[PDB]
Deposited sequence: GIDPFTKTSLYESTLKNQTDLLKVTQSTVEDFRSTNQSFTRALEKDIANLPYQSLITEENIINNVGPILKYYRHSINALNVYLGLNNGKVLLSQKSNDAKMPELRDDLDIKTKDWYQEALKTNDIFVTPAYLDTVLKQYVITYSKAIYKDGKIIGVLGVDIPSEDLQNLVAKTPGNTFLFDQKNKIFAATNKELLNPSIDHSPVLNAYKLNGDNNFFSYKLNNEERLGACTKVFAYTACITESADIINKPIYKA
């Protein structure tokens, strides 16, 4: 758009605009995670606050912890909320009275194993829930009372919840998961698994977090930026027509 002064003004403007919108998508991901972490932490505290007598028999776990799992599940509309024990049983409150299940192979599960290896909440990649066969993100936390492990708390939130939040955001924003597979997008057509993303991904590796870049699609110029948000990569892209016309 010929005069370099004018092109620079258009470029600097769209850079700021697109960076702002990328930040909104970043914030969406952050807020989803923190809300779920706060919820999980509160549940941990309510369980650990029970007297040991209420925690040390399986029947007492069912009768005393079960209602807490159920109310918490309902309060945020979680898919499953549960407490896994070292005997391999798990008290499960599932969307459909919490029951003690012995058939869920919990010690083979990352949500269980990993919670025992950190003092933080553990957040799983999205995976297909065994019980309800929906894709979930699990927040898990080893619960201790007086330094004594009670069990591992788990909270399953449908990954579609995050996908829907991201899709509603302004801008042509999208998320890749930890394996660089498309996870969420404002334009639902981007969900085609056969779409190649090397151009934006290569541009991102060259430029780094939040650094605006140009790239090509079918010999046409586009502009974009990406940034790491936990294990995700969040991106925004647009046509470069805004600066070239």
- What portions of the deposited sequence, indexed from 1, have no corresponding C-alpha atom in the structure? 97-100, 250-254
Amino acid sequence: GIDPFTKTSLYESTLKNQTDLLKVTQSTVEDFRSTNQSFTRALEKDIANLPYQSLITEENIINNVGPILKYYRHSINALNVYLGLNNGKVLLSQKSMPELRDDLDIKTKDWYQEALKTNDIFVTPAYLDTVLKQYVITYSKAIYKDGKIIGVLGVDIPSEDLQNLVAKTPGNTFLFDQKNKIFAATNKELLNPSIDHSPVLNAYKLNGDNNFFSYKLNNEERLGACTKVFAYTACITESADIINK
From here on, numbers count along this sequence of modelled residues.
- When mean C-alpha B-factors in the record are compared for 211-219 and 44-52, the larger belongs to 211-219
- Note on the structure: Mean B factor on CA atoms, stretches 192-200 and 179-187, record says higher is 192-200
- For the C-alpha B-factor as written in the entry, point me to the maximum among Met97, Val166, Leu83, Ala78. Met97
- Task: Please work out which residue in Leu91, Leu104, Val136, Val152 has the highest C-alpha B-factor recorded for this crystal structure.
- Result: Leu104
- Can you work out whether the C-alpha temperature factor of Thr25 puts it in the lowest, middle or highest third of the chain? lowest
- Item | CA B-factor ranking of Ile68, expressed as a third of its chain | lowest
- Cα B factor band for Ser140 (lowest, middle or highest third within the chain): lowest
- Query: Relative to the other modelled residues in the chain, which third contains the C-alpha temperature factor of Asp110: lowest, middle or highest?
  - Reply: middle
- Modelled-residue ranking by C-alpha temperature factor, third containing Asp156: lowest
